[PDB]
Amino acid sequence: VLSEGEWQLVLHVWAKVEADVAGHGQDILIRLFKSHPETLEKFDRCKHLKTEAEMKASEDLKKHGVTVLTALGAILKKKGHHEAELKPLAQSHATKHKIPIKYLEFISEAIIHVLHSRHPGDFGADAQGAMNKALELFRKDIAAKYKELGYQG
């Protein structure tokens, strides 16, 4: 359980993300794909991309960054009361996309990296620790639902 103050730090920096969801989503996915290229294999429409400029020009990558950040922002705004939001996401990521928890760790790392890079004044130690706790809670809860669905990833 995060404190109310921790949730407010999470949501304060998330408002900054919402000023340009697509640009943030591009930076986060490009960071993920650069730092962990095996993750790029999961995206059929993006897996041929080679350079940073190609990734920034990609309409498919830009759309998918928005898909991810829209779902995650709704989850964060539930302040841990996210079972109904995780249920469809666990469903598809366990049984169709087959996204192991370690890949969710990689993308959480990329999110933290981009938020620190773009919003350092709203992402000091207090806010980083809160965001870390929020993403850890997301990964804990979705791992439990993965297993309920028969997926040990």
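The first residue of the shown sequence is 1; numbering continues from there.
Q: Look over 2 to 10 and 143 to 151 in the entry and identify the one with the greater average Cα temperature factor.
A: Going by the record's values, the stretch with the higher mean is 2 to 10.
Q: Regarding 45 to 53 and 91 to 99, which shows the higher C-alpha temperature factor on average in the entry?
A: That would be 45 to 53.
Q: Just grab whichever of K62, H119, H113, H36 has the top CA B-factor as deposited.
A: Most elevated C-alpha B-factor of the set, per the entry: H36.
Q: How does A15 rank on Cα B-factor within its chain, lowest, middle or highest third?
A: Highest third of the chain for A15's C-alpha B-factor.
Q: What third of its chain, lowest, middle or highest, does the C-alpha temperature factor of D27 fall into?
A: Lowest third of the chain for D27's C-alpha B-factor.
Q: Classify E109 as lowest, middle or highest third according to the C-alpha B-factor given in the PDB entry, relative to its own chain.
A: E109: CA B-factor falls in the middle third of its chain.
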